[PDB]
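Undergrad: Chain order of the listed sequences is C and S.
Residue numbering for the first sequence follows the numbering used here, beginning at 417 and increasing consecutively.
Residue numbering for the second sequence follows the numbering used here, beginning at 38 and increasing consecutively.
The beta carbon of each residue, even a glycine, is placed where N, CA and C say it ideally should be.
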Amino acid sequence: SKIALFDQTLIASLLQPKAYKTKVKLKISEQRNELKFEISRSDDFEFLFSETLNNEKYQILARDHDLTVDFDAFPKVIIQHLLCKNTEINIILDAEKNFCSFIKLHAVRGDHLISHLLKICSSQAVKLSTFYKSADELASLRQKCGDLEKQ
Amino acid sequence: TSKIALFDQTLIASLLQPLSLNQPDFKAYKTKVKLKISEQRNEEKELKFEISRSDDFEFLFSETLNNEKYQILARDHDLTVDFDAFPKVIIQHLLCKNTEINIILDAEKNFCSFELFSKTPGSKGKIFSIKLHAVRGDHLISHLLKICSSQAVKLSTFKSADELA
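Okay, structure coming up:
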């Protein structure tokens, strides 16, 4: 009930009235009524902005930026823009950090932010499953260094 | 702030919970649960119970008692002790080796019953039980971020075998 169309880490310019280039993960997906844009940062856990486009909402966005392209072919076109070297991504935040212009994205809070943070916690958890014998194995090799320092 | 910690420690608790929403029968295992009892003010005095688990990030239950809410709990568990003394009595029970903590979760993990049971002979046994609710929103966000930022300092201490050689 959610299909990823694009999921990748880009270099974006981040303005907030300071400006700095940062790595931003952009995820474009397709889902049922019941198109979604999600941006997040690996260096900032709380930073999370989204927007969900429906046919009606899209018609306004298509009028504003003079897009003749329909709702089904719009993600296909943006996906191709994201591939081009000449494409720039600029993200400008408001004073209250409630919104950001990428399309106007809103700050993701509550349950969606909880899902995001849990995914980080559980990914950072597999970090302890691989790295647990690290400090212990370092002793056997560091002892081998001093014993080989003589030769 | 107004919030004062009266008890903040890791205990061994018995955790009973249904196997799932479609299997009511219980599964039980002893686990390490961090219990925090704190005094605060909201408008008079309030007492807050918070439980969490280091092995389960989403596991976060609380309850805030006020004078009125406490009178019901005391009536229910036949506590003659007043609201100011109630945490003092709980803390003395938690000092005793014969004290048992039992946490029974519902199938949906929405609530849980936290029980303090004294195995000392002559005791009433069940000292009390308080119904704790699953913490969501901003408080859970603060909790989950603290874990993320704690697991982050894990990368600051981590040059990967110092280039092996």
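Should S/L58 and S/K64 be called a contact, given that it needs their Cβ atoms to be closer than 7 angstroms?
TA: As a position in the second sequence, residue 58 of chain S is number 21, starting the count at 1. As a position in the second sequence, residue 64 of chain S is number 27, starting the count at 1. Contact: no.
Undergrad: Which bits of chain C does S/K191 rub up against, with CB to CB less than 9 angstroms?
TA: Here residue 191 of chain S refers to the residue found at position 154 of the second sequence. Near S/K191 (Cβ distances below 9 angstroms), the residues of chain C are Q540, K543, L544, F547.
Undergrad: What is the rounded straight-line gap between the Cα of S/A171 and the Cα of S/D143?
TA: Numbered from its first residue, the second sequence carries residue 171 of chain S at position 134. Numbered from its first residue, the second sequence carries residue 143 of chain S at position 106. Distance between the alpha carbons of S/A171 and S/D143 is about 11 angstroms.
Undergrad: I'd like to check one pair, C/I455 with C/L469: are the Cβ atoms closer than 7 angstroms?
TA: For the purposes of this step, residue 469 of chain C is taken as the residue at position 53 of the first sequence. For the purposes of this step, residue 455 of chain C is taken as the residue at position 39 of the first sequence. Contact flag unset, no.
Undergrad: For the region 91 to 102 of chain S, which residues have a CB atom closer than 7 angstroms to at least one CB atom of chain C, in sequence order?
TA: Answer set for the region 91 to 102 of chain S: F94, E95.
Undergrad: Which residues in chain S sit within 7 angstroms of C/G526, going by Cβ to Cβ distance?
TA: Working through the first sequence from its first residue, we reach residue 526 of chain C at position 110. Within 7 angstroms Cβ-Cβ: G174.
Undergrad: What's the call for S/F151, buried or exposed, on a 16-neighbour Cβ count within 10 Å?
TA: Looking up residue 151 of chain S in the second sequence gives position 114. So S/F151 counts as buried.
Undergrad: I'd like the span of the beta strand (DSSP E) that includes C/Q424, first residue to last.
TA: Here residue 424 of chain C corresponds to residue number 8 of the first sequence, with the count starting at 1. Element bounds for C/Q424: 418 to 431.
Undergrad: Look at the alpha carbon of S/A42 and the alpha carbon of S/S75, and state the distance between them as a whole number of angstroms.
TA: Residue 42 of chain S sits at position 5 when you count from the first residue of the second sequence. Residue 75 of chain S sits at position 38 when you count from the first residue of the second sequence. Near 4 angstroms, if we compare the C-alpha coordinates of S/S75 and S/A42.
Undergrad: Measure from the alpha carbon of S/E80 to the alpha carbon of each residue in S/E100, S/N104, S/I140, S/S99, then state which is nearest.
TA: Taking the second sequence and counting its residues from 1, the one referred to as residue 80 of chain S is at position 43. Answer by Cα proximity: S/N104.
Undergrad: If you measure from the beta carbon of S/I178 to each beta carbon in chain C, is any gap under 7 angstroms?
TA: The count along the second sequence starts at 1 and reaches residue 178 of chain S at position 141. Yes, its Cβ sits closer than 7 angstroms to a Cβ of chain C.
Undergrad: Start and end of the beta strand (DSSP E) containing S/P61?
TA: Counting from 1 along the second sequence, the entry for residue 61 of chain S is found at position 24. Counting along the chain, the beta strand (DSSP E) containing S/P61 begins and ends at 60 to 78.
Undergrad: Is the distance from the Cβ of S/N135 to the Cβ of S/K163 below 7 angstroms?
TA: Translated into the one-based positions of the second sequence, residue 135 of chain S becomes position 98. Translated into the one-based positions of the second sequence, residue 163 of chain S becomes position 126. No, the pair does not count as a contact, with Cβ atoms beyond the cut-off.
Undergrad: Under the three-state reduction of DSSP, which class applies to S/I109: helix, strand or coil?
TA: Residue mapping note: residue 109 of chain S aligns to position 72 of the second sequence, counting from 1. Helix, per DSSP.
Undergrad: Shortest alpha-carbon distance to S/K125 belongs to which of S/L84, S/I167, S/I109?
TA: Residue numbering aside, residue 125 of chain S sits at position 88 when the second sequence is read from its first letter. Ranking the options by Cα distance to S/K125, first place goes to S/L84.
Undergrad: Quick one: what does DSSP say S/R90 is sitting in, helix, strand or coil?
TA: On the second sequence, position 53 is the one that residue 90 of chain S refers to. Correct three-state label for S/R90: strand.
Undergrad: By Cβ distance, which residues of its chain are closer than 6 angstroms to C/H532, with the 5 residues on each side in sequence left out?
TA: In the first sequence, residue 532 of chain C corresponds to position 116, counting from 1. Taken in chain order, the residues that qualify are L464.
Undergrad: Around the Cβ of C/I507, are there at least 16 other Cβ atoms within 10 angstroms (buried) or fewer (exposed)?
TA: Translated into positions along the first sequence, residue 507 of chain C becomes position 91. Buried is the call here.
Undergrad: Should S/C149 be labelled buried (16 or more other beta-carbon atoms within 10 Å of its own) or exposed?
TA: Here residue 149 of chain S refers to the residue found at position 112 when the second sequence is read from its first residue. Looking at its Cβ environment, which holds 16 or more other Cβ atoms inside 10 Å, S/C149 is buried.
Undergrad: Can you tell me whether DSSP reads S/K163 as helix, strand or coil?
TA: By one-based count along the second sequence, residue 163 of chain S stands at place 126. Here S/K163 sits in strand by DSSP.
Undergrad: By a C-beta neighbour count over all protein chains shown, 10 Å radius and 16 as the cutoff for buried, is S/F120 buried or exposed?
TA: Translated into positions along the second sequence, residue 120 of chain S becomes position 83. By the 10 Å Cβ count, S/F120 comes out buried.
Undergrad: Taking CB distances under 7 angstroms as the criterion, tell me whether C/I536 reaches chain S.
TA: Within the first sequence, numbered from 1, the residue matching residue 536 of chain C stands at position 120. Yes, because at least one Cβ of chain S sits closer than 7 angstroms to the Cβ of C/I536.
Undergrad: From the DSSP secondary-structure annotation, give me the bridge partner or partners of S/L84.
TA: Your numbering for residue 84 of chain S matches position 47 in the second sequence. S/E76, S/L102.
Undergrad: I need the DSSP call for residue 575 of chain C, collapsed to helix, strand or coil.
TA: As shown, chain C starts at 417 and ends at 567. That puts residue 575 of chain C outside it, with no answer to give.
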